[PDB]
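Results of the structural survey
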Amino acid sequence: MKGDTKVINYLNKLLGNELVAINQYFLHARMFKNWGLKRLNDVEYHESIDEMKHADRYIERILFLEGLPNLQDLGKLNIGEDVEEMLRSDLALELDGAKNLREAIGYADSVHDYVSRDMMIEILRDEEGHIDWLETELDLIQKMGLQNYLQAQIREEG
Amino acid sequence: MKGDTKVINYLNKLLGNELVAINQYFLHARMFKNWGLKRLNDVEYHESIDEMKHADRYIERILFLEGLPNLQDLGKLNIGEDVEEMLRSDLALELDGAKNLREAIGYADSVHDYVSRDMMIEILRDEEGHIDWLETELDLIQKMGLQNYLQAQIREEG
Amino acid sequence: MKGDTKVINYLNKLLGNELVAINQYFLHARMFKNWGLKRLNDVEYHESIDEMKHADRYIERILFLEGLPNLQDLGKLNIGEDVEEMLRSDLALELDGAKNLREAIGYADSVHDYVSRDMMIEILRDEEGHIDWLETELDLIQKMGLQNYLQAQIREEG
Amino acid sequence: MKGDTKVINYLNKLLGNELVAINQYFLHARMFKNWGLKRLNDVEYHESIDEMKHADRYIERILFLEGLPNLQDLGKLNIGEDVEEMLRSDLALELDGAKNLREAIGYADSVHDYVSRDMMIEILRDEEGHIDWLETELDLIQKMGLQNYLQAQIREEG
Amino acid sequence: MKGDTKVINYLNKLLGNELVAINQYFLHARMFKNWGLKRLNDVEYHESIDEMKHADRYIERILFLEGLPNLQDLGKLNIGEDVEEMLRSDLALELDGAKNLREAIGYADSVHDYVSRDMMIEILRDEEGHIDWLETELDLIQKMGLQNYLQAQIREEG
Amino acid sequence: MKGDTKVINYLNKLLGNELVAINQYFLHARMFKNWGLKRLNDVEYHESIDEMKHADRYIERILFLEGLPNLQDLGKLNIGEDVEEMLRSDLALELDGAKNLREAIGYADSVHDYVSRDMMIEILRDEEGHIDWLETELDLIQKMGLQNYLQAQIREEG
Amino acid sequence: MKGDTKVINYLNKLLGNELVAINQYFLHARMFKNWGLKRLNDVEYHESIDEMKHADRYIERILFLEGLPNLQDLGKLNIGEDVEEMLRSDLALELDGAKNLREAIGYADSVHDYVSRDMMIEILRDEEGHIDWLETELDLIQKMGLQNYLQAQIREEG
Ligand code: HEM
Ligand code: HEM
Ligand code: HEM
Ligand code: HEM
Ligand SMILES: [Fe+2]
Ligand SMILES: [Fe+2]
Ligand SMILES: [Fe+2]
Ligand SMILES: [Fe+2]
Ligand SMILES: [Fe+2]
Ligand SMILES: [Fe+2]
Ligand SMILES: [Fe+2]
Ligand SMILES: [Fe+2]
Ligand SMILES: [Fe+2]
Ligand SMILES: [Fe+2]
Ligand SMILES: [Fe+2]
Ligand SMILES: [Fe+2]
Ligand SMILES: [Fe+2]
Ligand SMILES: [Fe+2]
Ligand SMILES: [Fe+2]
Ligand SMILES: [Fe+2]
Ligand SMILES: [Fe+2]
Ligand SMILES: [Fe+2]
Ligand SMILES: [Fe+2]
Ligand SMILES: [Fe+2]
Ligand SMILES: [Fe+2]
């Protein structure tokens, strides 16, 4: 079904956000894993998978709307050197993606692409979750201190 | 453990190949899926996952050797417009990756990084499999003709 | 038990046929497998195993009759370059083996080696089956055409 | 994938070794079985199957590398007349095959055919096992004497 | 159904062989059992049962063909005094029975009694097995020596 | 099978490394266990078992190659007095063993002892793992501080 | 708990005996295994494990008593060249260890270290078992002769 050009454009831009998140989250995960912070690797890895599911959704939708998914262009990854900096980088990235999602959702509604909109709201809800997780971790680091925070990631949570 | 700089370099270059394959294979998969060629989507999707496993291996190894995995730079994706062109593109990409693997493996051996080498040979064996699959599909297209080939992908293989 | 010399001779000659069939059928099988004609590989492989069972029977019988099984001499393999030629080669080979079996069976009967004869009739019945399979495939190729025939082998039969 | 001509050549030569072993081992097995040395038949039969698996590996690889597997030419079988002579013959044959494998493995490495090399090392490890088994049996014959050795093969080992 | 007189005659003669074998084998079995050669008792007992099955077959067939089964006349039993002599006696008896079976089978064929013939060939195949067993045991006695042979029968084979 | 003298020499030297590791790791394990650092005892004990498996491999291979395994000579154990010093000692020992393994692997390859080489690469991969574990623990001690590190070992990891 | 110095000394000396036994028994085991004497390898391997359990007991006890377990010093291994010599060597070693155990046990009692003593008596009981096994095997070799003895080890005992 021929979709609206600007919707497909937004979809590609959002897809673009997803696949920077996928890489940044995945590298972060395996950095944590290397440092033996087993728990941060499990969670951050899981978020990489979430982002993939998002990307898959955009791709299938763009294709359905008869546009060309663009996986060529990759945004700036901002990879940290320590736990805080890296969590803080994921948060800024989540926040930027959420801004773009808000914009796209409003636009989809006004050209009547309600199913694209419905898909994007589900995704936004997921993002809002990722944001909540990051914010809480970052505050915990400050509340309990870095050393205790680190000790608390050595063991995977059941 | 501090690894050899040129090994890490090769590892990053190989990682780079993996993540172009991941994207190209994934987009291809969902293109097939859209066209209703269910079987090509299953197989090509599976190869995307294989490539991810490869990437994960490089990342963990680079990190272990204390280098910086580079997920920033993305090579040229060559996406086709029809089944043949797209399979043919995956094949040229596999072949180029195999060339790089051969060089890296020989180099790892000469600096005594036998476990990197052992990892890369396992990967090369997987690639050689992907190559075999592509070659066979491409020949089948020619042997049975395009129409029959297409009909043969409509149904997922049990 | 000392057997009749000419029976043992026939048994060795028949054994000889078996082990050309074993090789030709096995190579054929893996040629098909390579070309992705999964179904022809399953069937032709199974016929290789049948031929092995036959060879085993001759060997044990020759040894029982106190002769020397001869696995040294190998007849001409005629390996094809395409499906038809290769099936057609297996058929001519089956037919020649059947001719030899008929001659041996009659001879066994006239020197009273009824159990060798009984073994050879069971084997001949198997051959007659292999012959039937080849004949049917070759006719199917002509009835439905080569392209359709080929498409029909891509998937293993449950 | 077009392989290196001399690798394919080595592969065919190695295949050639396999299929002499297959025959010699199989005939040996059924000779033992006839003599009621049940245990030597089980083991030697199993080694025949191993050799077949090896042959299958070469054939599929040669075909993959786009060469022609040669099952026409059969080397000299050296079949013994008694247990020792026959075991001793299998050992010399294993040793010759191991020499050829060493040479091929080194050559594969230098033309960068690492997956052929990897396959051949797995095979060589198997051969080294067959060699170990033969050596031990031959020494046991000498340590316990022939009569006791023979009595020890009457019953299949659980 | 009225059968051919000479077939019934052969059937009775063959029946006659069976029931000498039944007795000789059974006595042999229990002689071994007494001497504690548990394994020879199991095997030889089993052969007694086989012979009974044979006798049963003849009796039912003779009766079906409307002749009178003759269980009155019993041939010469040749019972040994030691393992070898006794095995050797069973072998000569098997060989004589096989000679008679060959004659009868040929005769049945020429008067068109194909089902009697078919029954007799099945039986002959069984005899040929009994013969193989005896021959192998007798050779084992010579290969490993009498003392080792005897020790090897003390324990029933699982 | 007569192996190459210098390979057997390397094998003995490597065996020698294994059995110092076995002792040092085992003593370390039970020191931790005494101090109530349950988790370090589980891990370090497991590494002792790994080293044993390694030693077993060398011994069987040396014997197979017809050399004499030397378990007489024992290197310097360097046992620590506190967690860090002891982990740090295991690390230096792992690193030295890895150096020797690299030397031996290269040598095996050049005398064509590919199966010894294949065994040693598997082992080296294991060592590389032990090294990774030590490095991570040592860094964790520094990141979270000694007190928190210690508290984190009181409980065995599920 | 601070233990008595001379008890710890005895404990280390006894530990010392254990770990020579561990090595000698293990090498012996794998020598038998190589020669195909499967049964002697199983038993002798099991005795190596027993000795390890003993060593573990000493180490934990020494540590508990606050002494330093000494795994540095290794006594003379006396490795045989044939089954008898090797069994005979294990026996002399067991006997010497038993002498040391008797002295230590008496000493523990007189300084009131009853739990060390209780541990050592359990161990002595195990040794006495190992001694019984060796003595019986050595006598069996003489009673049945070497050839029969050897044949009797070819098969693992269920
Ligand atoms: C380029 C860096 C990437 C890495 C290192 C990576 C890594 C991984 C790994 C290790 C898995 C686990 C395989 C499994 O068991 O399912 C996975 C799953 C998956 N990946 Fe990726 N991935 C990457 C990018 C992508 C991209 C670009 C896509 C497509 C938009 C994608 C789509 C998926 C999907 C759909 C799954 C299945 C999730 C599940 O069902 O568990 N990935 N990824
Ligand atoms: C020419 C003399 C040969 C004899 C007498 C022989 C005999 C046998 C027998 C009796 C079996 C058991 C069937 C089963 O249950 O799988 C077998 C299995 C097999 N044979 Fe052969 N064989 C011969 C040569 C070959 C050759 C030349 C090849 C191809 C290179 C081959 C390939 C195989 C394979 C792949 C199996 C399956 C093994 C398994 O999965 O158990 N054989 N052979
Ligand atoms: C004269 C000496 C014979 C002796 C000492 C003997 C002994 C035995 C014994 C102990 C059994 C085991 C019973 C059971 O559990 O089935 C048996 C079974 C049997 N007997 Fe006999 N037998 C003799 C002759 C015969 C004859 C002349 C026939 C008829 C032709 C015969 C027919 C059978 C049959 C059909 C079985 C059943 C086998 C089975 O199903 O296990 N026997 N015999
Ligand atoms: C140095 C030469 C040694 C060799 C070649 C060796 C070999 C082995 C092997 C192959 C195992 C089997 C692993 C398993 O499945 O449990 C084992 C087990 C074990 N080893 Fe050792 N070992 C040696 C020395 C030691 C020492 C010095 C100790 C400590 C005093 C020790 C303590 C143990 C323990 C406690 C087990 C577990 C037994 C079980 O639960 O099955 N070993 N050994
Ligand atoms: Fe989630
Ligand atoms: Fe997302
Ligand atoms: Fe997100
Ligand atoms: Fe795969
Ligand atoms: Fe890859
Ligand atoms: Fe690939
Ligand atoms: Fe069949
Ligand atoms: Fe056949
Ligand atoms: Fe056939
Ligand atoms: Fe095997
Ligand atoms: Fe082989
Ligand atoms: Fe072999
Ligand atoms: Fe039977
Ligand atoms: Fe009978
Ligand atoms: Fe009989
Ligand atoms: Fe481990
Ligand atoms: Fe090790
Ligand atoms: Fe290690
Ligand atoms: Fe025990
Ligand atoms: Fe002990
Ligand atoms: Fe002991």
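Sequence-order numbering is used: residues on each chain count from 1 as written, possibly diverging from the entry numbering, and only residues with coordinates are shown. The lettering of chains begins at A and the numbering of ligands begins at 1, in the order of writing. The assembly from which these chains come is larger than what is shown, and the figures reported cover only the shown chains. The side-chain values count all of the structure's non-hydrogen atoms but skip hydrogen atoms and water molecules. Residues with missing side-chain atoms are left out of burial classes, side-chain pairs and their counts.

Quick look at the overall build of chain A
To keep it simple, the criterion reads: Here a helix means four or more residues in a row that DSSP labels H or I, a strand means two or more in a row labelled E, and each is numbered from the N terminus. Contacts: residue pairs with any heavy atoms within 4.5 Å of one another.
The number of helices and strands found in chain A is five helices and zero strands. Going from N to C terminus, chain A has its helices and strands arranged as α-α-α-α-α. Projected onto its principal axes, the C-alpha positions of chain A cover 55 × 30 × 25 Å. Sequence-distant contacts, at least 24 apart, represent 81% of the contacts inside chain A between residues at least 6 apart.

Some details on the nonpolar core
Heads up, the condition is: By convention a nonpolar core is built from buried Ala, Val, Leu, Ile, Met, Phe, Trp, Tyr and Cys residues, the set being connected through side-chain atoms within 4.5 Å. Buried means the residue's accessible area, taken with a 1.4 Å probe over protein chains only, is under 20% of the maximum for its type, while exposed means over 50%, and partly exposed covers the values in between.
Counting 342 residues, the largest nonpolar core has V83(C), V83(D) and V83(G) as the members making the most contacts within it. Here this core gets 16 residues from one element, more than from any other, and that element is helix α1 (residues 5-35) of chain G. Look past the residues within four positions of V83(C) in its chain and what remains in contact with it is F32(C), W35(C), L37(C), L40(C), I141(C), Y149(C) and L150(C).

Description of the site of ligand 1
The cut-off we apply is this: For this purpose, a residue is taken to be near a molecule or strand whenever a single non-hydrogen atom of the residue falls within 4 Å of it. Only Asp, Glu, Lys and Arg are considered charged in this grouping, and only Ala, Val, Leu, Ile, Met, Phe, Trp, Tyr, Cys and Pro are considered nonpolar; every other residue, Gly among them, is considered polar.
Near ligand 1 lie 15 residues; those nearest to it are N23(A), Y45(A), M52(A), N23(B) and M52(B). Residues close to ligand 1 are split across chains A and B. When residues of the shell around ligand 1 are traced back to their parent elements, those giving at least two are α1 (5-34) and α2 (38-64) of chain A together with α1 (5-34) and α2 (38-64) of chain B. Across the shell around ligand 1, the residue classes tally to 13 nonpolar, two polar and no charged.

What to know about the coordination of the iron ion (ligand 23)
Six octahedral donors around a metal ideally make angles of 90 or 180 degrees; four tetrahedral donors ideally make 109.5 degrees. Quick note on the threshold: The donor set covers N, O and S atoms within 2.8 Å of the metal, switching to 3.2 Å for Na, K and Ca, and it leaves out water, so a site may look short of donors.
Protein coordination at the iron ion (ligand 23): the donors are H46(G) (NE2) and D50(G) (OD), at 2.2 to 2.7 Å from the metal. One end of the pair is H46(G) and the other is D50(G), both in helix α2 (residues 38-64) and four residues apart, which spans about a single turn.

Points about the relation of the copies chain A and chain B
To keep things clear, this is the line we draw: Note on alignment: the copies are superposed with a least-squares fit restricted to their C-alpha atoms.
When chain A is fitted to chain B, the residual RMSD is 0.0 Å, and the transformation amounts to a turn of 180° plus an axial shift of 0.0 Å. Both copies are brought into coincidence by an operation consistent with a two-fold rotation axis. Among all residues of chain A, the one whose C-alpha sits closest to the rotation axis is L74(A), at a distance of 3.6 Å. Taken together, the interface assignments show that 100% of the residues at the interface of chain A recur at the interface of chain B, consistent with an identical surface on both copies.

Comments concerning the UniProt feature "binding site: Fe cation 2" in chain A
Residues and elements named next belong to chain A. Quick note on the threshold: UniProt positions are given in the numbering used here, feature names are shortened, and annotations may be inferred rather than shown by experiment. Under the rule applied, a polar contact is a pair of N or O atoms within 3.5 Å (in protein, one hydrogen donor and one hydrogen acceptor; residues adjacent in sequence only if both atoms are side-chain atoms).
UniProt feature "binding site: Fe cation 2": in the numbering of this structure it lies at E51, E94, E127 and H130. These annotated residues cover 80 residues of sequence, and their C-alpha atoms all fall within 10.7 Å of one another, placing them together at a single site. Position of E127 among the secondary structure elements: in helix α4 (residues 114-144). With relative accessibility at 4%, the residue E127 sits in the buried group. If we skip the residues at most four places from it in the chain, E127 touches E18, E51, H54, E94 and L101. Note on placement: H130 falls in helix α4. Exposure remark for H130: the relative accessible area of 2% places this residue in the buried category. When neighbours within four sequence positions are excluded, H130 is seen to be in contact with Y25, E47, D50, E51, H54 and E94. For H130, the side chain forms a polar contact with the side chain of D50, separated by 3.1 Å.

Thoughts on the environment of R57(A)
Residue and element names in this part refer to chain A. Topologically, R57 is positioned in helix α2. Each C-alpha atom of the pair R57 and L15 lies 8.7 Å from the other, and the pair is 42 residues apart in sequence. Leaving out residues up to four positions away in the same chain, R57 has contacts with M119, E122 and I123.

Observations concerning the packing of helix α1 (residues 5-34) of chain F against helix α4 (residues 114-144) of chain F
Residue and element names in this part refer to chain F. Under the convention used in this document: Lines fitted to the C-alpha atoms define the axes, with helices restricted to the stretch that makes contact. Angles between their N-to-C directions range from 0 to 180 degrees. Every angle not falling under 35 degrees, over 145, or within 65 to 115 is termed oblique; those three ranges are roughly parallel, roughly antiparallel and roughly perpendicular. Crossings are sorted by hand: turned counterclockwise from the far helix by less than a right angle, the near helix makes the crossing left-handed, and turned clockwise it makes it right-handed.
Here α1 crosses α4 at 30°, and the two axes come no closer than 13 Å. Relative to α4, the element α1 is oriented roughly parallel. α4 is crossed by α1, and the crossing has left-handed handedness. The residues of α4 that touch α1, namely those facing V7, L11, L14, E18 and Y25, are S116, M120, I123, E127, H130 and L134. When the residues that make up the contact of α1 with α4 are grouped by side-chain class, the tally is seven nonpolar, two polar and two charged.

Side note on the coordination of the iron ion (ligand 20)
Residues and elements named next belong to chain F. With distances of 2.2 to 2.7 Å, the protein atoms coordinating the iron ion (ligand 20) are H46 (NE2) and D50 (OD). By relative accessible area, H46 is classed as partly exposed at 44%. The buried category is assigned to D50, whose relative accessible area is 17%.

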